[PDB]
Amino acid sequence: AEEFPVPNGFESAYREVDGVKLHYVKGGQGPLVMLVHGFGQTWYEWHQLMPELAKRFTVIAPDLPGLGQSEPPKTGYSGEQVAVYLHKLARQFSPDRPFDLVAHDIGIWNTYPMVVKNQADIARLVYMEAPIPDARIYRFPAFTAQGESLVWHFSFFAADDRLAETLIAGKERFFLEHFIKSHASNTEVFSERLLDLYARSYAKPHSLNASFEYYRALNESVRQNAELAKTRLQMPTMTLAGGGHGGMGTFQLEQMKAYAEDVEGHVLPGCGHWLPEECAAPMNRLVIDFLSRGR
């Protein structure tokens, strides 16, 4: 019935979009804000920010196609293809007004085409904790002076012959805990209950595969964004990144500067990759302030 607890005042619902049944969680009143999660998680990573934004906004947090309780995409997993589903879902609830977009990890990959091709539909934009797919991702290190890299999963997930599925099947909880904790600075926030909920969700066979198909389409997304990036982004933009172990550090804003004309960036000390859960208070504060100012 429900993989994750729905926050008070919110609603778990579905919408078919281009043949694909998307799951989403919606609440609040006012202009629309869409929150798009990343790999290893679902809409539920936003469950602490959602009631705060609901005080001024209509908040929708969908499950990415194939992840959570959304159906796999029927077109493909490249950024341009998935962005079609997400734009249509957001535009269905705010057809006359521009909306706000907050995105985390591969949520960036799956929305950037939508933003650059429909700038007038995007009022303000918040991107956190992942690169936009472009040639700069080819410079991430396979190995570092501190041991295992934070990005080796890019090639692991993208390997042919279903390597990752074959190796991870039957070990979904073990792998996800290793992936989450190795990208976290504050691992304390991931209780047994939270790790179980995420692991059970992405362990669904079609979800395990869908997770990696996003990475197998990464080269295709890079090529698409090389053409789309000819138009700079014009809406107000904020970037967030973890400054502790596991985060993007300075790279998040540095890359965004080549995309956005109007961008401010923050690096949150002692925080890793999973900002909404590791550093709920500072991150919620920065997002709420950015989207409230002048309104």
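Residue indices: 1-based, along the sequence shown.
> For the higher mean C-alpha B factor in the entry, choose 135 to 143 or 90 to 98.
Per the PDB record, 90 to 98.
> Which has the higher mean CA temperature factor in the PDB entry, 66 to 74 or 257 to 265?
Comparing averages over the C-alpha atoms only gives 257 to 265.
> Looking at the C-alpha B-factor values in the deposited entry, which of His153, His104, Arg124, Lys181 comes out highest?
Top of the list by C-alpha B-factor: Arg124.
> Determine, from the deposited record, the chain-internal third of the Cα B-factor for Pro236: lowest, middle or highest.
Highest third.
> With respect to C-alpha B-factor, does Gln119 fall in the lowest, middle or highest third of the chain as deposited?
Within its chain, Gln119 is a highest-third residue by C-alpha B-factor, going by the deposited values.
> Mind checking which third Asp196 falls in for C-alpha B-factor across the chain?
CA B-factor rank for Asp196: middle third.
> Split into thirds by Cα B-factor across the chain's modelled residues, where does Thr58 land: lowest, middle or highest?
CA B-factor rank for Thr58: highest third.
> Looking at the C-alpha B-factor of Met128, is it in the lowest, middle or highest third of its chain?
As the PDB entry reports it, the C-alpha B-factor of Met128 lands in the lowest third of its chain.
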